[PDB]
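Working notes, beginning with the structure itself.
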Amino acid sequence: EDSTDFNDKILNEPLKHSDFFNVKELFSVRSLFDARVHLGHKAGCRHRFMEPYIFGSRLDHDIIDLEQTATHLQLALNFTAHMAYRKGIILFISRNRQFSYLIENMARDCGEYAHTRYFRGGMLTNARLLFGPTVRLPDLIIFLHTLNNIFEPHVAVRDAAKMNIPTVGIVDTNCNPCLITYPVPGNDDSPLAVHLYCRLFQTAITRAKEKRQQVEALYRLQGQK
Amino acid sequence: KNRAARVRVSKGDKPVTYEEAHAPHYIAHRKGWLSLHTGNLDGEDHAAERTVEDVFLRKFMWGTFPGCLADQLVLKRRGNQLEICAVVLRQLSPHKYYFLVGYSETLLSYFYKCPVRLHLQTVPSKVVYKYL
Amino acid sequence: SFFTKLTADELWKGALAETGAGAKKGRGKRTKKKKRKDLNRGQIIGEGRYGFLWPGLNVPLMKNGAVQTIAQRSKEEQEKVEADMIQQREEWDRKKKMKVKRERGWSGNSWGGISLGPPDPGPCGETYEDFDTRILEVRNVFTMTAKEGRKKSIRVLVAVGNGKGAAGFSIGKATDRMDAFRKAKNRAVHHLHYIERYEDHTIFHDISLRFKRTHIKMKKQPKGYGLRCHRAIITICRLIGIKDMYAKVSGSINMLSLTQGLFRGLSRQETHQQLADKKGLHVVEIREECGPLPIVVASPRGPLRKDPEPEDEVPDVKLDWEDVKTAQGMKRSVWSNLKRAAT
Amino acid sequence: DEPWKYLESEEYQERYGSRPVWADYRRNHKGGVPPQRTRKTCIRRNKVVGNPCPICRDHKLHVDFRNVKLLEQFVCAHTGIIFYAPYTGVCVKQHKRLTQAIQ
RNA sequence: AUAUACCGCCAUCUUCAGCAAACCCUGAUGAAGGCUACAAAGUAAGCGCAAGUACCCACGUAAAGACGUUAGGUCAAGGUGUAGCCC
Ligand SMILES: [K+]
Ligand SMILES: [K+]
Ligand SMILES: [K+]
Ligand SMILES: [Mg+2]
Ligand SMILES: [Mg+2]
Ligand SMILES: [Mg+2]
Ligand SMILES: [Mg+2]
Ligand SMILES: [Mg+2]
Ligand SMILES: [Mg+2]
Ligand SMILES: [Mg+2]
Ligand SMILES: [Mg+2]
Ligand SMILES: [Mg+2]
Ligand SMILES: [Mg+2]
Ligand SMILES: [Zn+2]
């Protein structure tokens, strides 16, 4: 009797709004441009599945179309906020060691999880053996870098799909986005780009968790009286 | 390869007790002796007779409590007293255990001409140390 | 001598001879085999040849509120106790001899087609009672090894399905055949395809595909046609829930290629709703049993096109000579259209 | 006298349930392709063969033009054609009686 | 009689370090394969090694030493399957 009203006022209400958390106010094409998000790899490194998201090549250096990035980033941030609102487990994954420390801190601060270390065979597809039969896997995996250190796709991209976990991923021009649920074309190398991404996801996640508490608290106060 | 008193490895499904899991070289290191008497001490006599009595008592109790013994017997001798300590299961009715205790204590006391007492500890199932 | 006697376990371990160079390499075969028997099974503590009645051990301790005394069954009544134990012994032997047989597979000595039951319940209280498991191939694989020579392992192919569109297959590999069965069937339930069915009985359209060297041509059929397909396809179709289909397998008849080739083609079939959405037109079904009545099976969810689909006077579609040769009465085969059991 | 009653009893439902009486029957034959005719008869001089057909194996099943619920099991519900004998495994003798009772 | 039916107790490589399971992943779900530490699919357990213990130490020496190999040895330690003898 009271559960249907809970799920309707709290879980189903956010899904009726196009931007329930107002993640569009967090970034702009200019803010992305200042972080050098449009800078891609050289044309010789281009992946053919990234061609739709490329604005062009400036002297053999690919430029990422930030108009698309802004639209893709809006969806990825929106999905991430909704999953944080629903109290889903969010796991950040990246093998780029220049940013391992930064990413681990961002995860700890937002109350989520980070895996920046060597990824052992079967963390996702054999988790019950590795962790225990009652282990809960992540509900969302965010890749700040989708490639490993030998320039191949991070194994967790395939293994997240195998375990039916949606993935958000920054996809540079040499990356393969086919299996990434919510890809965001953007520069994955420059510290300004990576720092921006960590601020946006950290803020999206932190806002959605605070929104969940506000709604719950209001729903309880009104319930008693 | 050595064979003596070694429960060989299986597929991980054979339950063994603590005693069965320890080869002879662990005797006096990880496991104690199943009989304690003075016959094997330096300068002591009658080790031959104490040994035959122990072999009989183990066979006697195996066939007197058929299917009930959950581990090897522990035989203790103090003075002329003989104490038999056995770990048994909880399948036989208590009346049958009291009959067999009264019967065995009496028969063994007249056979070996000494006061014999039987101490029974019951366990719901054989205690498993590891699965070899 | 009493001291030379051993326990039953020691006596059976020796007499059975299950460990030894004979049993290591199966150097000894067993048409006649010593079978272990539990000789303490029907034995009652306190019962002996003399027929003594010990109060508290084999007879009740108290009778009519008084403690019973030592007594001995007379020769006649003791004789009946012994006879009753012999009959109970042969009766126990007879009941064990009786066992319920299992239905064979595609052939008497074949594993193919035999049901293995539902996959085992998962660790987290997960259950698959709705799923049935079928064996498709059991192979003996022989591996040459550096020190141990030719070793024998088992490769099993099994298919699982719930009969409502959810079906999968998996290979299992183990030294023991039963272990290979458990691995395959439990793995297959985690690799389930969903197969779309027209009216929950047939495929949506004719499917012709090649997987490696195995060709499979499948035809959509009406109700009552049954499964006229390679026996392995019949088995898989029952697991998926397809009741009416024709299939012809050509080229290499490799069970694995056929299984994964079949699942690839059934998982990539376009439904009528997908066709309507793709072309923004109505999908209209004409049935000869219903005359000229147009039966709309699917309508586009989005806007409905106003321009008719172009009418190419002659379609440039590739045809199967076998299909055409049959429609023209030029296909002669003694093996086609033979009477067979209901499938 | 009232053959349609057997199909309404509890004994019938326990033995066959809601499937046709021939659902679980399988012919024994060599090869993958069976002979194109079933056996002539399962009852030969009052003796029953080892693997009697679905009709002959149950003596309470009576092929009669009034026991329409049994007859329907040997007619295709979608096409109205009478199954040929190899379809269900009934002997030639009982298939003719089924065809005459159905007609 | 049969160690070429076995238990029991052992020789041997062993003055070895490997063996057998439960899973996971790659190869189009072919026979097969599964390691890179500035790490790229392997892993939670068992047995052996190791550790520990005995002897005078943490050294040494004992002991230990899996699975498998030689149908290795022993029916004459004892027991025992099968076959045979019972003036
Ligand atoms: K031997
Ligand atoms: K012997
Ligand atoms: K012998
Ligand atoms: Mg990059
Ligand atoms: Mg040695
Ligand atoms: Mg046969
Ligand atoms: Mg030998
Ligand atoms: Mg010491
Ligand atoms: Mg040492
Ligand atoms: Mg030594
Ligand atoms: Mg050691
Ligand atoms: Mg020899
Ligand atoms: Mg002998
Ligand atoms: Zn018949």
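Naming: A, B, ... by sequence-line order, numbering from 1 per chain.
The side chain to side chain contact (heavy atoms under 4.5 Å, CB included) test with C:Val249 singles out one residue from C:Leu262, C:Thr214, C:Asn254, and that residue is C:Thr214.
Using a 4.0 Å heavy-atom cutoff across all strands shown, C:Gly20 reaches sugar-phosphate atoms only and no base atom. A:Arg120 comes within contact range of the sugar-phosphate backbone alone, with a heavy-atom separation under 4.0 Å but no base atom that close. Contact annotation for C:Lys173: base contact, defined as any heavy-atom pair under 4.0 Å involving a base atom. Among the protein residues, B:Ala21 comes within range of no part of the nucleic acid, since none of its heavy atoms lies under 4.0 Å from any strand. Contact annotation for C:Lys24: backbone-only contact, meaning every heavy-atom pair under 4.0 Å involves sugar-phosphate atoms and none involves a base. When heavy atoms are screened at a 4.0 angstrom cut-off, C:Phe169 is found touching base atoms of the nucleic acid. If you check every strand for non-hydrogen atoms under 4.0 Å, B:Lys1 touches a base. Backbone-only contact: B:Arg8 has heavy atoms under 4.0 Å from sugar-phosphate atoms and none from a base. Looking at heavy-atom distances under 4.0 Å, C:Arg155 makes contact with sugar-phosphate atoms alone, never a base. At a threshold of 4.0 angstrom between heavy atoms, the contacts of C:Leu11 are confined to the sugar-phosphate backbone, with no base atom among them. Using a 4.0 Å heavy-atom criterion, one finds that A:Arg95 contacts the sugar-phosphate atoms exclusively. C:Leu157 comes within contact range of no nucleotide atom at all, as no heavy-atom separation falls under 4.0 Å. Note on C:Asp179: only backbone sugar-phosphate atoms sit closer than 4.0 angstrom, heavy atoms only; bases stay farther off. In this structure, A:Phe131 reaches neither bases nor backbone, as no heavy-atom distance under 4.0 Å exists between it and the strands shown.
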C:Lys185 vs C:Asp120, salt bridge (charged side-chain N to carboxylate O under 4.0 Å, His left out): CA-CA, chis, key distance, verdict | CA-CA 8 Å; C:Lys185 86 172 173 173; C:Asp120 299 329; 3.7 Å; yes
Output, in order, the C-alpha distance, side-chain angles, deciding distance and verdict of salt bridge (charged side-chain N to carboxylate O under 4.0 Å, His left out) for C:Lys13 and C:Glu18.
-> CA-CA 7 Å; C:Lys13 193 176 175 179; C:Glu18 298 179 357; over 6 Å; no
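Taking only distance into account, the side chain of A:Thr125 meets the base of E:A41 through a donor-acceptor pair shorter than 3.5 Å. Not a single donor-acceptor pair, N or O on each side, falls under 3.5 Å between the base of E:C38 and the side chain of A:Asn149.
Proximity of B:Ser10 to the phosphate of E:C47: no side-chain N or O atom is located under 4.0 Å from OP1 or OP2. Phosphate proximity of E:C23 to C:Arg182: present, with a side-chain N or O under 4.0 Å from OP1 or OP2. The side chain of C:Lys25 places an N or O atom within less than 4.0 Å of a non-bridging phosphate oxygen (OP1 or OP2) of E:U70. Within the 4.0 Å cut-off from OP1 or OP2 of E:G46, not a single side-chain nitrogen or oxygen of B:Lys130 is found. For B:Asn2, a side-chain nitrogen or oxygen approaches OP1 or OP2 of E:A64 to under 4.0 Å.
Put simply, the side chain of A:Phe92 does not reach to within 4.5 Å of the side chain of A:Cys198, judged on heavy atoms.
Residues from residues 55-72 of chain B with heavy atoms under 4.0 angstrom of RNA chain E: there are none.
When distances run from any side-chain atom of A:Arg158 to the nucleotides E:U80, E:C25, E:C23, the shortest one goes to E:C25. For C:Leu256, whose side chain is taken as the heavy atoms from C-beta onward, the closest listed nucleotide among E:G30, E:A63, E:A28 is E:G30.
Atom NZ of B:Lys11 and atom P of E:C67 are 14 Å apart (whole Å). As rounded to whole Å, 17 Å separates atom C1' of E:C7 from atom NZ of C:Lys5. The NE2 atom of A:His154 sits 15 Å away from the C1' atom of E:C25 (whole-angstrom rounding). Look at CZ on B:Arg3: it is 10 Å from P on E:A11, rounded to the nearest Å. The separation between C:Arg187 atom CZ and E:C24 atom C1' is 9 Å, rounded to whole Å. The CG-P distance, from C:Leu6 to E:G79, rounds to 9 Å in whole Å. Atom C1' of nucleotide E:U29 and atom CG of C:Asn254 are separated by 11 Å, given to the nearest angstrom. The distance from atom NZ of C:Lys212 to atom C1' of E:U29 is 8 Å, rounded to the nearest whole Å.
For the consecutive pair E:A64/E:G65, the pyrimidine-type rings sit with centres less than 5.5 Å apart and planes less than 30° apart, qualifying as a stack. Under the 5.5 Å centre and 30° plane thresholds, E:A17 does not stack on its strand neighbour E:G18.
Where C:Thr175 and C:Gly168 each meet RNA chain E at their nearest nucleotide, the meeting point lying more 5' is that of C:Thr175. RNA chain E is contacted by both C:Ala23 and A:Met163; C:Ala23 maps to the nucleotide lying nearer its 5′ end (nearest heavy atom per residue).
B:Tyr26 and B:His22 have perpendicular rings, their planes meeting at more than 60° on a 0 to 90° scale where under 30° would count as parallel.
With the cut-off at 3.5 Å for both distances, E:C19 forms a Watson-Crick or G-U wobble pair with E:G46. In this structure E:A54 is paired with E:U61, meeting the Watson-Crick or G-U wobble definition at both distances under 3.5 Å. With both atom-pair distances required to fall under 3.5 Å, a Watson-Crick or G-U wobble pair links E:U74 to E:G8. Taken together, E:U14 and E:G68 fail the test for a Watson-Crick or G-U wobble pair, since the two needed distances are not both under 3.5 Å. Nucleotides E:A32 and E:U26 satisfy the base-pair criterion: a Watson-Crick or G-U wobble arrangement whose two donor-acceptor distances both fall under 3.5 Å. E:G18 and E:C47 are base-paired, meeting the Watson-Crick or G-U wobble geometry with both donor-acceptor distances under 3.5 Å.
Of the nucleotides present, E:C23 is the one that pairs with E:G42 by Watson-Crick or G-U wobble criteria, both distances under 3.5 Å. The pairing partner recorded for E:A1 is E:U82, the criterion being a Watson-Crick or G-U wobble arrangement whose two distances lie under 3.5 angstrom. Checking E:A58 for Watson-Crick or G-U wobble geometry (two distances, each under 3.5 Å) identifies no partner in any strand.
Taking the P atom of each, E:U14 and E:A76 are spaced 35 Å apart, rounded to whole Å. E:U12 and E:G73: their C1' atoms are spaced 11 Å apart (whole Å). Between E:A37 and E:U43, the two P atoms lie 14 Å apart (nearest whole Å). A distance of about 9 Å separates the P atoms of E:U4 and E:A71, rounded to the whole Å. Comparing the same atom, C1', in E:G84 and in E:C9 gives a spacing of 29 Å after rounding to whole Å. Atom P of E:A63 sits at a distance of 34 Å from the matching atom of E:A45, rounded to the whole Å. Taking the P atom of each, E:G8 and E:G68 are spaced 14 Å apart, rounded to whole Å. Across the P atoms, E:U70 and E:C13 are found 16 Å apart, a figure rounded to whole Å.
Pucker annotation for E:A21 reads north, on the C3'-endo side, since its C1'-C2'-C3'-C4' dihedral is above zero.
Residues A:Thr146 and A:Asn176 have side chains that never bring a donor and an acceptor to within less than 3.5 angstrom of each other.
Taking the centre of each ring, A:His154 and A:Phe143 come in below the 6.0 Å mark.
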